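# Remarks on the overall topology
Each chain, letter by letter, is given below.
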Amino acid sequence: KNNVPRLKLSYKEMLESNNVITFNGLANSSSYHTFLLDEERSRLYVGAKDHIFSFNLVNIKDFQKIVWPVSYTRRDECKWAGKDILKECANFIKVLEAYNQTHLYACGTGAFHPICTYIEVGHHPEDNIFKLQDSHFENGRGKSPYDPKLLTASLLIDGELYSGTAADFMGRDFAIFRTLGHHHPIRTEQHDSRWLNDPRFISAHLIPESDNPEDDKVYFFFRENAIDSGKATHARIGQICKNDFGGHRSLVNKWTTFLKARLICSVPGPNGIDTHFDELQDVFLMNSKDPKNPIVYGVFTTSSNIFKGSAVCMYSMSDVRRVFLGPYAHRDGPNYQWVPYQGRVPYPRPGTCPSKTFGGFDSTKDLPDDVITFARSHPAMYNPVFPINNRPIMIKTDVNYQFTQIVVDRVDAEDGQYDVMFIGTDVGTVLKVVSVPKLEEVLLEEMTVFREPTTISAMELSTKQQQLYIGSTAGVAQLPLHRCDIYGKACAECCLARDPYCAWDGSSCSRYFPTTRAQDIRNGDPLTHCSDXXXXXXXXXXXXXXXXXXXXXXX
Amino acid sequence: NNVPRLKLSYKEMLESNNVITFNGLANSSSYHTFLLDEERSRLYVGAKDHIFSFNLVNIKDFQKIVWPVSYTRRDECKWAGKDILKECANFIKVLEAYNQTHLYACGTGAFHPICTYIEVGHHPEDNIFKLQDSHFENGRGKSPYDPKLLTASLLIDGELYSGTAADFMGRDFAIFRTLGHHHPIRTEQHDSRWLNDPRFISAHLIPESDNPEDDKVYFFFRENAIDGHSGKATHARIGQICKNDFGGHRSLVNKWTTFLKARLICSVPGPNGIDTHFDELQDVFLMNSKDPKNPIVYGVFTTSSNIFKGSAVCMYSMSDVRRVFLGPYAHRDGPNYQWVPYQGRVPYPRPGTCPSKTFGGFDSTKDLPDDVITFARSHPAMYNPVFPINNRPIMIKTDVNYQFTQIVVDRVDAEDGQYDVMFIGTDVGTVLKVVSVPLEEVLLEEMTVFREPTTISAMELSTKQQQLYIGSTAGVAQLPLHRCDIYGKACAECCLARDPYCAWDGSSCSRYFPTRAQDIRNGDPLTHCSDXXXXXXXXXXXXXXXXXXXXXXXXXX
Ligand SMILES: *[C@@H]1O[C@H](CO)[C@@H](O[C@@H]2O[C@H](CO)[C@@H](O[C@@H]3O[C@H](CO)[C@@H](O)[C@H](O[C@H]4O[C@H](CO)[C@@H](O)[C@H](O)[C@@H]4O)[C@@H]3O)[C@H](O)[C@H]2NC(C)=O)[C@H](O)[C@H]1NC(C)=O
Ligand SMILES: *[C@@H]1O[C@H](CO)[C@@H](O[C@@H]2O[C@H](CO)[C@@H](O[C@@H]3O[C@H](CO[C@H]4O[C@H](CO)[C@@H](O)[C@H](O)[C@@H]4O)[C@@H](O)[C@H](O)[C@@H]3O)[C@H](O)[C@H]2NC(C)=O)[C@H](O)[C@H]1NC(C)=O
Ligand SMILES: *[C@@H]1O[C@H](CO)[C@@H](O[C@@H]2O[C@H](CO)[C@@H](O)[C@H](O)[C@H]2NC(C)=O)[C@H](O)[C@H]1NC(C)=O
Ligand SMILES: *[C@@H]1O[C@H](CO)[C@@H](O)[C@H](O)[C@H]1NC(C)=O
Ligand SMILES: [Ca+2]
Ligand SMILES: [Ca+2]
Ligand SMILES: [Ca+2]
Ligand SMILES: [Ca+2]
Ligand SMILES: [Ca+2]
């Protein structure tokens, strides 16, 4: 399930051949981690240390910036709090999502006093404003963490900010929060490992269930510690009802819809001891024709220090729902095994949204007390969620690096459509991989996008611009989703490359458009399609005249 | 985790007289079942349809007993469905000394296990190797029917302890005693609390006191975890029986009452506080100290995963092990309960404790009260696991594509002092020679002992002959424990080699006996010797110059 990359471009190869556009970043900043892509304006907003940037999608070297650090007073408290002056004692932006048609909402580590603000961007004729509207500063507790090292799932829909993070200086009170207008702040329970057990949040997504948008749910993806003998990590998926408002007598201003299930990403072994990849890292939804069933792509890595491994698992939303409808997890006590619950599941079912249609019940505060006391105590489901085909799409263990981030384009090619994964790496590398069905992953290329290795922290994709954007504390990098010239001048090579983007021009290898032209994504032999030492790898060499084959062609 | 200093391919070895090879009889295989007998300097080996008697000086000199099954039996086995070449024969699986003139031998009987005695002389030496015949004893519970299943076996006071499958179907695992003056005794049956589909590895009589009624038999093995819920898992285990355990009065008639088992843990602490485990036990090798009641258990372990191949060597203290077998028993009130350290009243005498004549009076296991028999009927497992000396492996091997299979350890008396030299076999037909320098493992050499890769199944060591003997289905191989010439002609190199066996002669690098100049710690030639693609591999090259630390540089050209 490993591969050898077909092509391998070092940073220098890249920059000389104009693949990368680099932002080395401001010398008084770092942590260019918090991405927000806005196609409407063609801009890539980025939250960093003491700044937010507004990058032009056409070329990130063209940008504006907002300077938004904390006061001297605050720098000083944070210092004497003990914290590291360069890495902790500043305003590290951690949250940056759209708000109304003219504003973003932004939150940052406030040198361990989290804070928020709005940022003016235009509406659609006039919209390259980047004004930092000032002296509101809202409180960032439960929105951004105090610690920059902690990450934070966040999602902002209907002017309300959902966010999973630590609520406290000490960095231990984790929770999913809703804040901002029109309703009392709601969160998960507190000091209750059944709900969340020292978790690390990764992303959150509003996924519609029906055509009625009161049925709408918010899905959080994260990882946490198992409750048992042996310390362990469980990857998790989490469910809230958009329109959940808290309970009447119990669970006042706390979720009642909260349910969570384990994500399993494991490779079946011969002994029937599977190999698990429990450390969730990025998640990326791929939108299908149905907005109620995106295809969840998830990046996972081994828990072990000794063995470095990485994995990519796909997950079906109807698979996930089955799990959230099946048996709840249960014990009669602390000294009991966890067990599928077969008592009476109170009605309406915990997990189900309030509706105006079925049940009658118009709110979460109209709920009976017995559905509230269940789910107070059965937040976890019993069944785990398994990937499509109970296997990873892809495994990477032979090698010394780990996967960090992912995005996926849906390239419309000659044979058909193909899902092209771009995977970031804790060594500053991107893998471009094609899922060609029968699946076969074909590792097209492995590119180095930073002068020096750093972990890639963020990756976003612009189909309009055909570009890929990358984050790290070192800076931001820009990539074309394809440069088809890079393969051969000859036909043979452009066909062999197996690149959904790249078809044979006639004259020389270039972008493929619908409706002359001759690529082969399956199989990829130049013979039946092109009608005419060290190469780039995956070809074996023979001296007789050097040769290269694995179709064949001399050198 | 290391790079081997030297690496000898099979050819290098055979050309330089390191290996003596037995490619084995063409109508045989599975040269797996070793019995070393220093007294009459011979290495007995149980194979497919034969037992061999190899001369320890040179295994090319040998005798053999031909002991296959009848036509009748070949024929049943065939029609039982079994593979004619790999299953339908007498694969010897057990071969231990019996009295001063006899061995006891047992084999897969083409899925009808059988045993026999083998005459060897009184001491003399008279080299008898007579197969005493037509008395064939029943091999059930002694050898398995399946050749692929392994079997711990130990024979002391004319009684054969053995852990294996008792049945054709290969599922009824148990520790057995047979050949008694006493009724046959075994573990319980169909009870995963006791043994849960285990794979036995070796068994050892380890004295507790000076009174040899306190003697215990320790089995080393692995098995499946019991959960309660799913994650399938392997636990490495150590197991305890009382030599003189005879069964219970009313209950556990002719079954062990002394049986207790504990988990062996061999794990590397991780930064997140998720340790990395090596649960698959493979070989075990006791190293005898001045105290025969505390040998140092060396154990070879590998990962359970298919995807990630890893291997590990963990040492274990016998006083560590005993603490565990005296501590809390494992317990549940039911199937849906967590396992829990037992804090009820532990009936007396303690389950696990041997019958003695000294204290209490109680002269047997059948004199035991019924309440100590009903406990231990149900608490055969201990709660605490056993951790290695320093909660770490001695050595880890994960970067590489092979796994460890077998081990032995010599205690080389060197100039600086004593050093424990591990020889480790490999599922690729390779031996690693490793030195534990005090902590630091130094991978002296990595040798290939079979023309083609096969798993090493057996490894035995002869200090008298200074030789190492290896097993596989392909055959048997012989190694000198040292060939000191192999390093440099110069002093520098022989010192650098860090080999307990090898000191600098004066004239040229040779064996060390109690003018010499070795350095095992550190190993720098400067303070000890007062005189391109390098030969070494832990040396770096600045072009061709050569420099390794332990820094020590010298101009290679
Ligand atoms: C597997 O392969 C080998 C063949 O490569 C085979 O070994 C042969 O076995 C037989 C008996 O097992 C040996 O017979 C012996 O031959 C010597 C000559 O040096 C004789 O002294 C003896 O022959 C007599 O054996 C009995 C003596 O008590 C008499 O009853 C009988 O009349 C025999 O004539 C002695 O036994 C033969 O030498 C070996 N040797 C070799 C080098 O092959 C082995 O049996 C095969 N195993 C099987 C089929 O299980
Ligand atoms: C981190 O480093 C940066 C230096 O690399 C700092 O950037 C400076 O930030 C200050 C205030 O935050 C700006 O002050 C402004 O002055 C401009 C003057 O016009 C300038 O316009 C462009 C911007 O498009 C600028 O690049 C030119 O130098 C022009 O002179 C006024 O528009 C405003 O009134 C405002 O006060 C500096 O322009 C800006 N300079 C540079 C070179 O970046 C940043 O403040 C540092 N942050 C810290 C220490 O927290
Ligand atoms: C060692 O054991 C073997 C087998 O038990 C003994 O061999 C037999 O001894 C019996 C009496 O016990 C006699 O009838 C025969 O002389 C032997 N026959 C066979 C087929 O083995 C042997 O005597 C014992 N040797 C000792 C104690 O030195
Ligand atoms: C967007 O929100 C801000 C207040 O946070 C406000 O000043 C601005 O007018 C808003 N725009 C709307 C509601 O269109
Ligand atoms: Ca977002
Ligand atoms: Ca991402
Ligand atoms: Ca053979
Ligand atoms: Ca033995
Ligand atoms: Ca062994």
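Method of determination, as annotated in the archive: X-ray crystallography, at 3.30 Å resolution.

Turning to the packing of aromatic side chains, a few remarks are in order. Applying the stated criterion to the full structure yields 53 aromatic pairs over all chains. Residues B:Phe52 and B:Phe54 carry aromatic rings whose centres are separated by 5.5 Å and whose planes lie at 10° to one another, so their mutual orientation is stacked. Among the residues examined, B:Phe54 registers a relative accessible area of 0% and is labelled buried. Taken together, the aromatic side chains of A:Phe23, A:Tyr32, A:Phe53, A:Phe55 and A:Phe63 make up a single cluster linked through ring pairs. The ring of A:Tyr72 is capped by A:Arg75, whose NZ or CZ atom sits 4.9 Å from the centre of that ring. Over the face of the ring belonging to A:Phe513 we find A:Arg511, whose NZ or CZ atom lies 5.7 Å from the ring centre.

Right, let's get into the UniProt feature "disulfide bond" in chain B. Residue and element names in this part refer to chain B. Between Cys242 and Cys354, for which a disulfide is recorded in UniProt, an S-S distance of 2.1 Å is seen, short enough (under 2.5 Å) for the bond to be assigned. Within this pair, whereas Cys242 is found in strand β18 (residues 234–242), its partner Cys354 is found in the loop between β26 (340–341) and α4 (370–374), the two being separated by 112 residues in sequence. For the pair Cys242 and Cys354, a shared accessibility class is recorded, and that class is buried.

Let us now look at the sheet that holds strand β14 (residues 174–179) of chain A. All names here are of chain A. Pairing is antiparallel in the open sheet, where 4 strands are placed in the order β12-β13-β14-β15. Each end of this open sheet is capped by a strand with a single partner; those strands are β12 (153–157) and β15 (186–187). Where β14 meets β15, 2 bridges bridge the pair, whose relative direction is antiparallel. Across the sheet, residue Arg178 finds its bridge partner in β15, namely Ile186.

It is worth spelling out the coordination of the calcium ion (ligand 9) at this point. Angles between donor atoms at a metal ideally measure 109.5 degrees for a four-coordinate tetrahedral arrangement and either 90 or 180 degrees for a six-coordinate octahedral one. All names here are of chain B. Coordination of the calcium ion (ligand 9) by the protein is provided by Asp283 (OD), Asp283 (OD) and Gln406 (NE2), with metal-donor distances spanning 2.4 to 2.6 Å. In this pair, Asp283 is assigned in strand β22 (residues 280–287) and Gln406 in strand β28 (residues 404–413), connecting sequence segments 123 residues apart. Here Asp283 and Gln406 have matching classes, each one buried.

Here we take up the site of ligand 1. Residues and elements named next belong to chain B. Surveying the vicinity of ligand 1 reveals the residues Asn27, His50, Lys64, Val66 and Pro68. One of the side-chain nitrogen or oxygen atoms of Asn27 is found 2.2 Å away from an oxygen atom of ligand 1. For the shell around ligand 1, a count of residues per class yields 2 nonpolar, 2 polar and 1 charged.

Rules used throughout
- Residues numbered from 1 in each chain as written, not as in the entry; some residues may be left out.
- Chains lettered and ligands numbered in written order.
- Heavy atoms only, no water.
- Residues with missing side-chain atoms left out of burial classes, pairs and counts.
- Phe/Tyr/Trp six-rings, centres within 6.5 Å; stacked < 30°, edge-to-face > 60°.
- Buried < 20%, exposed > 50% of the residue type's maximum accessible area, 1.4 Å probe, protein only.
- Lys NZ or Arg CZ within 6 Å of the ring centre and 35° of its normal.
- Disulfide = S-S within 2.5 Å.
- UniProt positions renumbered as here; feature names shortened; annotations may be inferred.
- Helix = DSSP H or I, 4+ residues; strand = E, 2+ residues; numbered from the N terminus.
- Pairing = 2+ DSSP bridges.
- Donors = N, O, S within 2.8 Å, 3.2 Å for Na, K, Ca; no water.
- Near = heavy atom within 4 Å.
- Polar contact = N/O pair within 3.5 Å; in protein donor to acceptor, adjacent residues only side chain to side chain.
- Nonpolar A, V, L, I, M, F, W, Y, C, P; charged D, E, K, R; others polar.

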